[PDB]
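**Q** Here you go, one structure.
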Amino acid sequence: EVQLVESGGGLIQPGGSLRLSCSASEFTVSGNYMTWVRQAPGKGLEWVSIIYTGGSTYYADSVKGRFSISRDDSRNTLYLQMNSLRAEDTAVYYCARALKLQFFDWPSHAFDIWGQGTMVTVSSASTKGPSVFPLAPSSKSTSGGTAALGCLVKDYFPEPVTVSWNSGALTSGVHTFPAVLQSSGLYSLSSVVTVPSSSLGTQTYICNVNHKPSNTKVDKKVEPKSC
Amino acid sequence: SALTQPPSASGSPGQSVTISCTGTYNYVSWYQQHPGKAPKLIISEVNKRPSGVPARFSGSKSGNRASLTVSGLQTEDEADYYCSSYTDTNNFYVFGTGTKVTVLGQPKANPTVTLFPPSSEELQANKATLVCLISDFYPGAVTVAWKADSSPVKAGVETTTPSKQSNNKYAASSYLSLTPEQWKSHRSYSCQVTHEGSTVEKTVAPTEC
């Protein structure tokens, strides 16, 4: 069956270089139009570049002068050389075949064959323990007798981080959000618990943050930070 | 041009739903994307389908507006849908902002929005993060806009895609990273959430409590 399988992604520092390869099977790269499409985590699709059958290349403005698409018919593979990488470039890069318009030798905007994609992460970061800050309950996080409080787990690398409340004795009403990848290359997430507002004075709430990659455990008591 | 899509569309299984692609010669291809997967070509031109794509999916176009219709929704149709087209601009192609189609399996829920100001401890670390938490809503699609006073803010904003809570409703989070100087140089900051055409807005100020 027709397949495309991208490779070459991983961690790379800003300004560094990285080359992705797009190897095809059961169909030829030579007589097809080939595109690259990337998608930042939690964002939409963005077209990157395209190469024609006879060799013409076009690039998006966000990538012009820094990326270069290549075609190797001997290996039946497609390439994407990436230089001067920025934090805007971290994304899953997809390799796709562009169907040709019938009447002309012009590629349509219909991409029918796709690869599975390869993740590129542009970051200078290595193992970095998180910083935990309290999300204290106040008049604005309380409504209908229930109170919302949480912990902000900030600037850690790499994934994952596990959060519990009161050493696992408090599970109901807890939600730990997925991490977000910031432009600095570090991760951040939040975890919240919804508690009765009358318990804020007596009950103690402690979030337990674990980052095994850095061998760090942080306990943070969250209380109404009155002024 | 740029292609505009509604953020959300929904239907119960067996119902029909149509999503629109508006662009600011002119015709549109459609793609389907399930979580963790590559996009899949559903329909190109006005109504031609690749092999394997069910007859449930059909498309039309009326002047500036292209449409994709699904005729008996199956839960497997729940995914993000992107349109693509040629562009008047420099770039060869533009993709739409994306529409999440939800196959309804529970009643709609209005979101709860909790906005946390920067903690004094983080300010002591020379940082300031605004945390906007959106919870208990369905379908799992929201839009988050940030304001400094009355001026919209785009830089320093990061938002997670909605995921299920323990009670099977959706939650999402949004962050606005500021300098401590930026935080204290404005009268207030606001997080504005749009869900199913309705808007909830919360506001924090540096002088709290």
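By convention in this document, the chains of the structure tokens carry letters A, B, ... by their order, each chain's residues are numbered from 1, and ligands are numbered from 1 in the order they are shown.
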Which neighbours of residue A:31 fall inside 9 Å, counting only C-alpha atoms, when residues of the same chain fewer than 3 positions from it are skipped, and could you give them as a list in words?

**A**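 Here the answer would be residues 28, 52, 53 and 54 of chain A.
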
**Q** Generate the output file for the selected residues, N, CA, C and O atoms, as a PDB file, in the first residue's frame.

**A**
```pdb
ATOM      1  N   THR A  28       6.098   6.712  -6.531  1.00  0.00           N
ATOM      2  CA  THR A  28       7.327   7.439  -6.815  1.00  0.00           C
ATOM      3  C   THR A  28       7.191   8.909  -6.438  1.00  0.00           C
ATOM      4  O   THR A  28       6.134   9.517  -6.629  1.00  0.00           O
ATOM      5  N   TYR A  52       7.952  21.091  -7.359  1.00  0.00           N
ATOM      6  CA  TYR A  52       7.284  20.624  -8.564  1.00  0.00           C
ATOM      7  C   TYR A  52       7.979  19.384  -9.121  1.00  0.00           C
ATOM      8  O   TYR A  52       9.019  18.939  -8.630  1.00  0.00           O
ATOM      9  N   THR A  53       7.388  18.829 -10.180  1.00  0.00           N
ATOM     10  CA  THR A  53       7.901  17.581 -10.734  1.00  0.00           C
ATOM     11  C   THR A  53       9.245  17.797 -11.426  1.00  0.00           C
ATOM     12  O   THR A  53      10.130  16.933 -11.369  1.00  0.00           O
ATOM     13  N   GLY A  54       9.409  18.948 -12.082  1.00  0.00           N
ATOM     14  CA  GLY A  54      10.624  19.341 -12.761  1.00  0.00           C
ATOM     15  C   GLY A  54      11.576  20.150 -11.922  1.00  0.00           C
ATOM     16  O   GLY A  54      12.684  20.433 -12.383  1.00  0.00           O
TER      17      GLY A  54
END
```

**Q** Could you pull the residues within 9 Å of residue A:85, counting only C-alpha atoms, minus those fewer than 2 positions along the same chain, as a PyMOL selection string?

**A** chain A and resi 12-18+66-67+82-83+87-90+122

**Q** Return the neighbours of chain B among the residues of chain A, cut-off 6 Å, counting only C-alpha atoms, as a list in words.

**A**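 Therefore, the residues near the partner are residues 42, 60, 109, 110, 112, 116, 141 and 227 of chain A.
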
**Q** For the atom pair atom CA of residue B:178 and atom CA of residue A:121, what is the interatomic distance in Å to one decimal place?

**A**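 Separation of atom CA of residue B:178 and atom CA of residue A:121: 23.3 Å.
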
**Q** Can you list every residue in stretch 33-145 of chain A that DSSP puts in strand (DSSP E or B), as a PDB file with N, CA and C atoms, in the first residue's frame?

**A**
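After the write, states_12.pdb holds the following:
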```pdb
ATOM      1  N   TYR A  33       3.924  16.142  -7.217  1.00  0.00           N
ATOM      2  CA  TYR A  33       4.162  17.347  -6.436  1.00  0.00           C
ATOM      3  C   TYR A  33       4.120  16.982  -4.959  1.00  0.00           C
ATOM      4  N   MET A  34       5.128  17.422  -4.212  1.00  0.00           N
ATOM      5  CA  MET A  34       5.276  17.064  -2.808  1.00  0.00           C
ATOM      6  C   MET A  34       5.287  18.327  -1.960  1.00  0.00           C
ATOM      7  N   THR A  35       4.532  18.309  -0.862  1.00  0.00           N
ATOM      8  CA  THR A  35       4.433  19.439   0.051  1.00  0.00           C
ATOM      9  C   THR A  35       4.949  19.055   1.430  1.00  0.00           C
ATOM     10  N   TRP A  36       5.224  20.082   2.228  1.00  0.00           N
ATOM     11  CA  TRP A  36       5.471  19.947   3.654  1.00  0.00           C
ATOM     12  C   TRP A  36       4.446  20.795   4.392  1.00  0.00           C
ATOM     13  N   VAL A  37       3.840  20.220   5.428  1.00  0.00           N
ATOM     14  CA  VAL A  37       2.837  20.892   6.244  1.00  0.00           C
ATOM     15  C   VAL A  37       3.172  20.642   7.707  1.00  0.00           C
ATOM     16  N   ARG A  38       3.227  21.709   8.497  1.00  0.00           N
ATOM     17  CA  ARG A  38       3.545  21.601   9.910  1.00  0.00           C
ATOM     18  C   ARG A  38       2.352  22.038  10.749  1.00  0.00           C
ATOM     19  N   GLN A  39       2.371  21.632  12.016  1.00  0.00           N
ATOM     20  CA  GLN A  39       1.292  21.961  12.941  1.00  0.00           C
ATOM     21  C   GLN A  39       1.895  22.126  14.329  1.00  0.00           C
ATOM     22  N   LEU A  45      -3.136  23.801  10.951  1.00  0.00           N
ATOM     23  CA  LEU A  45      -2.194  23.404   9.913  1.00  0.00           C
ATOM     24  C   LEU A  45      -1.603  24.630   9.231  1.00  0.00           C
ATOM     25  N   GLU A  46      -0.316  24.547   8.902  1.00  0.00           N
ATOM     26  CA  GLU A  46       0.381  25.603   8.176  1.00  0.00           C
ATOM     27  C   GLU A  46       1.201  24.975   7.060  1.00  0.00           C
ATOM     28  N   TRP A  47       0.948  25.401   5.823  1.00  0.00           N
ATOM     29  CA  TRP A  47       1.749  24.952   4.691  1.00  0.00           C
ATOM     30  C   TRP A  47       3.149  25.550   4.766  1.00  0.00           C
ATOM     31  N   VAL A  48       4.147  24.752   4.387  1.00  0.00           N
ATOM     32  CA  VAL A  48       5.555  25.122   4.523  1.00  0.00           C
ATOM     33  C   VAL A  48       6.209  25.337   3.158  1.00  0.00           C
ATOM     34  N   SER A  49       6.270  24.292   2.336  1.00  0.00           N
ATOM     35  CA  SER A  49       6.928  24.390   1.042  1.00  0.00           C
ATOM     36  C   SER A  49       6.356  23.338   0.103  1.00  0.00           C
ATOM     37  N   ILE A  50       6.683  23.484  -1.182  1.00  0.00           N
ATOM     38  CA  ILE A  50       6.260  22.536  -2.204  1.00  0.00           C
ATOM     39  C   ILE A  50       7.328  22.500  -3.289  1.00  0.00           C
ATOM     40  N   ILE A  51       7.509  21.326  -3.890  1.00  0.00           N
ATOM     41  CA  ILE A  51       8.452  21.135  -4.984  1.00  0.00           C
ATOM     42  C   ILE A  51       7.698  20.548  -6.169  1.00  0.00           C
ATOM     43  N   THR A  57      10.426  25.235  -6.725  1.00  0.00           N
ATOM     44  CA  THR A  57      10.165  25.236  -5.292  1.00  0.00           C
ATOM     45  C   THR A  57       9.513  26.548  -4.881  1.00  0.00           C
ATOM     46  N   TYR A  58       8.618  26.460  -3.898  1.00  0.00           N
ATOM     47  CA  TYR A  58       7.976  27.625  -3.310  1.00  0.00           C
ATOM     48  C   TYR A  58       7.922  27.438  -1.801  1.00  0.00           C
ATOM     49  N   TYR A  59       7.992  28.549  -1.072  1.00  0.00           N
ATOM     50  CA  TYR A  59       8.060  28.520   0.381  1.00  0.00           C
ATOM     51  C   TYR A  59       7.101  29.541   0.972  1.00  0.00           C
ATOM     52  N   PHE A  67      14.463  27.576   5.215  1.00  0.00           N
ATOM     53  CA  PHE A  67      14.223  26.182   4.882  1.00  0.00           C
ATOM     54  C   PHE A  67      14.562  25.935   3.418  1.00  0.00           C
ATOM     55  N   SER A  68      14.749  24.661   3.084  1.00  0.00           N
ATOM     56  CA  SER A  68      15.073  24.267   1.718  1.00  0.00           C
ATOM     57  C   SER A  68      14.552  22.859   1.486  1.00  0.00           C
ATOM     58  N   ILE A  69      13.690  22.702   0.485  1.00  0.00           N
ATOM     59  CA  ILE A  69      13.103  21.410   0.142  1.00  0.00           C
ATOM     60  C   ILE A  69      13.907  20.796  -0.995  1.00  0.00           C
ATOM     61  N   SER A  70      14.137  19.486  -0.914  1.00  0.00           N
ATOM     62  CA  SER A  70      14.957  18.784  -1.890  1.00  0.00           C
ATOM     63  C   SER A  70      14.278  17.480  -2.283  1.00  0.00           C
ATOM     64  N   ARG A  71      14.703  16.938  -3.424  1.00  0.00           N
ATOM     65  CA  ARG A  71      14.146  15.710  -3.974  1.00  0.00           C
ATOM     66  C   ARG A  71      15.282  14.785  -4.383  1.00  0.00           C
ATOM     67  N   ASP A  72      15.257  13.553  -3.881  1.00  0.00           N
ATOM     68  CA  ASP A  72      16.244  12.530  -4.224  1.00  0.00           C
ATOM     69  C   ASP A  72      15.488  11.342  -4.811  1.00  0.00           C
ATOM     70  N   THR A  77      13.067   9.647  -1.894  1.00  0.00           N
ATOM     71  CA  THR A  77      12.828  10.342  -0.638  1.00  0.00           C
ATOM     72  C   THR A  77      12.731  11.842  -0.879  1.00  0.00           C
ATOM     73  N   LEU A  78      11.990  12.514  -0.003  1.00  0.00           N
ATOM     74  CA  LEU A  78      11.840  13.961  -0.020  1.00  0.00           C
ATOM     75  C   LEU A  78      12.533  14.543   1.205  1.00  0.00           C
ATOM     76  N   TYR A  79      13.137  15.716   1.052  1.00  0.00           N
ATOM     77  CA  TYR A  79      13.910  16.307   2.130  1.00  0.00           C
ATOM     78  C   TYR A  79      13.400  17.702   2.466  1.00  0.00           C
ATOM     79  N   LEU A  80      13.701  18.131   3.690  1.00  0.00           N
ATOM     80  CA  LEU A  80      13.420  19.494   4.137  1.00  0.00           C
ATOM     81  C   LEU A  80      14.568  19.911   5.051  1.00  0.00           C
ATOM     82  N   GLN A  81      15.513  20.667   4.502  1.00  0.00           N
ATOM     83  CA  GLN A  81      16.604  21.210   5.297  1.00  0.00           C
ATOM     84  C   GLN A  81      16.114  22.447   6.033  1.00  0.00           C
ATOM     85  N   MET A  82      16.332  22.483   7.343  1.00  0.00           N
ATOM     86  CA  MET A  82      15.871  23.578   8.188  1.00  0.00           C
ATOM     87  C   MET A  82      17.073  24.202   8.879  1.00  0.00           C
ATOM     88  N   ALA A  91       7.023  21.999  15.805  1.00  0.00           N
ATOM     89  CA  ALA A  91       5.747  21.525  15.285  1.00  0.00           C
ATOM     90  C   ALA A  91       5.926  20.092  14.804  1.00  0.00           C
ATOM     91  N   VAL A  92       4.803  19.447  14.500  1.00  0.00           N
ATOM     92  CA  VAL A  92       4.806  18.166  13.801  1.00  0.00           C
ATOM     93  C   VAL A  92       4.825  18.452  12.307  1.00  0.00           C
ATOM     94  N   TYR A  93       5.853  17.968  11.620  1.00  0.00           N
ATOM     95  CA  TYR A  93       6.023  18.221  10.196  1.00  0.00           C
ATOM     96  C   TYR A  93       5.487  17.039   9.400  1.00  0.00           C
ATOM     97  N   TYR A  94       4.536  17.314   8.515  1.00  0.00           N
ATOM     98  CA  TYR A  94       3.921  16.296   7.680  1.00  0.00           C
ATOM     99  C   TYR A  94       4.416  16.423   6.247  1.00  0.00           C
ATOM    100  N   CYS A  95       4.570  15.279   5.595  1.00  0.00           N
ATOM    101  CA  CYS A  95       4.938  15.186   4.191  1.00  0.00           C
ATOM    102  C   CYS A  95       3.737  14.646   3.426  1.00  0.00           C
ATOM    103  N   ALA A  96       3.328  15.351   2.373  1.00  0.00           N
ATOM    104  CA  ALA A  96       2.096  15.011   1.678  1.00  0.00           C
ATOM    105  C   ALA A  96       2.274  15.138   0.171  1.00  0.00           C
ATOM    106  N   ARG A  97       1.517  14.321  -0.560  1.00  0.00           N
ATOM    107  CA  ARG A  97       1.496  14.353  -2.017  1.00  0.00           C
ATOM    108  C   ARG A  97       0.356  15.251  -2.477  1.00  0.00           C
ATOM    109  N   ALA A  98       0.661  16.175  -3.384  1.00  0.00           N
ATOM    110  CA  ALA A  98      -0.311  17.139  -3.883  1.00  0.00           C
ATOM    111  C   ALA A  98      -0.832  16.676  -5.237  1.00  0.00           C
ATOM    112  N   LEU A  99      -2.139  16.431  -5.318  1.00  0.00           N
ATOM    113  CA  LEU A  99      -2.741  16.027  -6.581  1.00  0.00           C
ATOM    114  C   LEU A  99      -2.618  17.146  -7.607  1.00  0.00           C
ATOM    115  N   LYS A 100      -2.313  16.768  -8.843  1.00  0.00           N
ATOM    116  CA  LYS A 100      -2.143  17.741  -9.910  1.00  0.00           C
ATOM    117  C   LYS A 100      -3.490  18.110 -10.514  1.00  0.00           C
ATOM    118  N   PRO A 107      -0.030  22.139  -9.366  1.00  0.00           N
ATOM    119  CA  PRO A 107      -0.543  21.355  -8.238  1.00  0.00           C
ATOM    120  C   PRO A 107      -1.795  21.977  -7.640  1.00  0.00           C
ATOM    121  N   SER A 108      -2.784  21.131  -7.367  1.00  0.00           N
ATOM    122  CA  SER A 108      -3.982  21.595  -6.689  1.00  0.00           C
ATOM    123  C   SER A 108      -3.739  21.666  -5.185  1.00  0.00           C
ATOM    124  N   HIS A 109      -4.723  22.211  -4.466  1.00  0.00           N
ATOM    125  CA  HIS A 109      -4.681  22.250  -3.008  1.00  0.00           C
ATOM    126  C   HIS A 109      -5.316  21.020  -2.375  1.00  0.00           C
ATOM    127  N   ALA A 110      -5.350  19.902  -3.095  1.00  0.00           N
ATOM    128  CA  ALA A 110      -5.858  18.635  -2.582  1.00  0.00           C
ATOM    129  C   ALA A 110      -4.667  17.721  -2.324  1.00  0.00           C
ATOM    130  N   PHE A 111      -4.393  17.457  -1.050  1.00  0.00           N
ATOM    131  CA  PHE A 111      -3.321  16.558  -0.631  1.00  0.00           C
ATOM    132  C   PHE A 111      -3.974  15.266  -0.160  1.00  0.00           C
ATOM    133  N   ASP A 112      -3.761  14.182  -0.908  1.00  0.00           N
ATOM    134  CA  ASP A 112      -4.450  12.922  -0.656  1.00  0.00           C
ATOM    135  C   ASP A 112      -3.617  11.909   0.117  1.00  0.00           C
ATOM    136  N   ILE A 113      -2.296  11.916  -0.044  1.00  0.00           N
ATOM    137  CA  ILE A 113      -1.409  10.974   0.630  1.00  0.00           C
ATOM    138  C   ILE A 113      -0.604  11.743   1.666  1.00  0.00           C
ATOM    139  N   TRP A 114      -0.667  11.301   2.921  1.00  0.00           N
ATOM    140  CA  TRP A 114       0.041  11.950   4.015  1.00  0.00           C
ATOM    141  C   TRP A 114       0.902  10.939   4.752  1.00  0.00           C
ATOM    142  N   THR A 118       6.548  13.950  11.911  1.00  0.00           N
ATOM    143  CA  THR A 118       7.671  13.874  12.834  1.00  0.00           C
ATOM    144  C   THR A 118       7.711  15.140  13.674  1.00  0.00           C
ATOM    145  N   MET A 119       7.948  14.974  14.972  1.00  0.00           N
ATOM    146  CA  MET A 119       7.941  16.100  15.893  1.00  0.00           C
ATOM    147  C   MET A 119       9.299  16.788  15.907  1.00  0.00           C
ATOM    148  N   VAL A 120       9.288  18.106  15.743  1.00  0.00           N
ATOM    149  CA  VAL A 120      10.471  18.939  15.903  1.00  0.00           C
ATOM    150  C   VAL A 120      10.229  19.860  17.088  1.00  0.00           C
ATOM    151  N   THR A 121      11.187  19.906  18.012  1.00  0.00           N
ATOM    152  CA  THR A 121      11.107  20.763  19.189  1.00  0.00           C
ATOM    153  C   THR A 121      12.353  21.636  19.228  1.00  0.00           C
ATOM    154  N   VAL A 122      12.171  22.940  19.064  1.00  0.00           N
ATOM    155  CA  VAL A 122      13.270  23.898  19.095  1.00  0.00           C
ATOM    156  C   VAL A 122      13.352  24.459  20.508  1.00  0.00           C
ATOM    157  N   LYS A 128      15.302  20.213  33.732  1.00  0.00           N
ATOM    158  CA  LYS A 128      15.060  21.411  34.529  1.00  0.00           C
ATOM    159  C   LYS A 128      13.854  21.162  35.421  1.00  0.00           C
ATOM    160  N   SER A 131       9.028  25.030  38.944  1.00  0.00           N
ATOM    161  CA  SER A 131       8.734  25.986  40.005  1.00  0.00           C
ATOM    162  C   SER A 131       7.229  25.985  40.240  1.00  0.00           C
ATOM    163  N   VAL A 132       6.824  25.764  41.488  1.00  0.00           N
ATOM    164  CA  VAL A 132       5.416  25.650  41.849  1.00  0.00           C
ATOM    165  C   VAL A 132       4.978  26.934  42.541  1.00  0.00           C
ATOM    166  N   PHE A 133       3.887  27.523  42.059  1.00  0.00           N
ATOM    167  CA  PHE A 133       3.334  28.727  42.654  1.00  0.00           C
ATOM    168  C   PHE A 133       1.868  28.499  42.989  1.00  0.00           C
ATOM    169  N   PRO A 134       1.376  29.086  44.077  1.00  0.00           N
ATOM    170  CA  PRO A 134      -0.003  28.821  44.499  1.00  0.00           C
ATOM    171  C   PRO A 134      -1.010  29.650  43.716  1.00  0.00           C
ATOM    172  N   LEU A 135      -2.143  29.022  43.394  1.00  0.00           N
ATOM    173  CA  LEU A 135      -3.297  29.727  42.838  1.00  0.00           C
ATOM    174  C   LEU A 135      -4.329  29.845  43.955  1.00  0.00           C
ATOM    175  N   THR A 142     -14.650  31.874  43.936  1.00  0.00           N
ATOM    176  CA  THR A 142     -15.676  31.228  44.742  1.00  0.00           C
ATOM    177  C   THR A 142     -17.048  31.655  44.242  1.00  0.00           C
ATOM    178  N   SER A 143     -17.928  30.677  44.038  1.00  0.00           N
ATOM    179  CA  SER A 143     -19.283  30.943  43.574  1.00  0.00           C
ATOM    180  C   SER A 143     -20.171  29.786  44.000  1.00  0.00           C
TER     181      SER A 143
END
```

**Q** Just give me the gap between atom CA of residue B:140 and atom CA of residue B:200 in Å, one decimal is fine.

**A**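 Rounded to one decimal, the two atoms are 15.5 Å apart.
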
**Q** As an exercise, work out the distance from atom CA of residue B:197 to atom CA of residue B:143 in Å and give it to one decimal place.

**A**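 Separating atom CA of residue B:197 from atom CA of residue B:143 is a distance of 9.9 Å.
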
**Q** Excluding residue B:79 and its own-chain neighbours fewer than 5 positions away, which residues fall within 9 Å of it when counting only C-alpha atoms? Please give them as a list in words.

**A**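 Counting only the stated atoms, we get residues 32, 33, 34, 35, 99, 100, 101 and 102 of chain B.
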
**Q** Let me see the file: selected residues, C-alpha atoms, as a JSON list (two decimals), in the first residue's frame.

**A**
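Okay, this is what ended up in part_11.json:
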```json
[["chain", "number", "residue", "atom", "x", "y", "z"],
["B", 32, "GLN", "CA", -10.29, 15.70, 8.65],
["B", 33, "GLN", "CA", -7.91, 15.27, 11.60],
["B", 34, "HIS", "CA", -8.47, 13.01, 14.61],
["B", 35, "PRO", "CA", -6.32, 13.55, 17.73],
["B", 99, "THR", "CA", -13.64, 23.63, 13.12],
["B", 100, "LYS", "CA", -14.15, 20.97, 15.78],
["B", 101, "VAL", "CA", -17.23, 18.93, 14.92],
["B", 102, "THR", "CA", -18.70, 17.34, 18.05]]
```

**Q** Residues at most 9 Å from residue A:138, counting only C-alpha atoms, excluding those fewer than 4 positions away in the same chain, as a count of residues only?

**A** 8

**Q** Excluding stretch 61-64 of chain B and its own-chain neighbours fewer than 5 positions away, which residues fall within 9 Å of it when counting only C-alpha atoms? Please give them as JSON, numbers by chain.

**A** {"B": [20, 21, 22, 23, 24, 26, 27, 28, 46]}

**Q** Taking the chain letters and numbering used in this document, name the residues of stretch 68-214 of chain A that DSSP puts in helix (DSSP H, G or I), as number ranges by chain.

**A** A: 87-89, 166-168, 197-200, 212-214
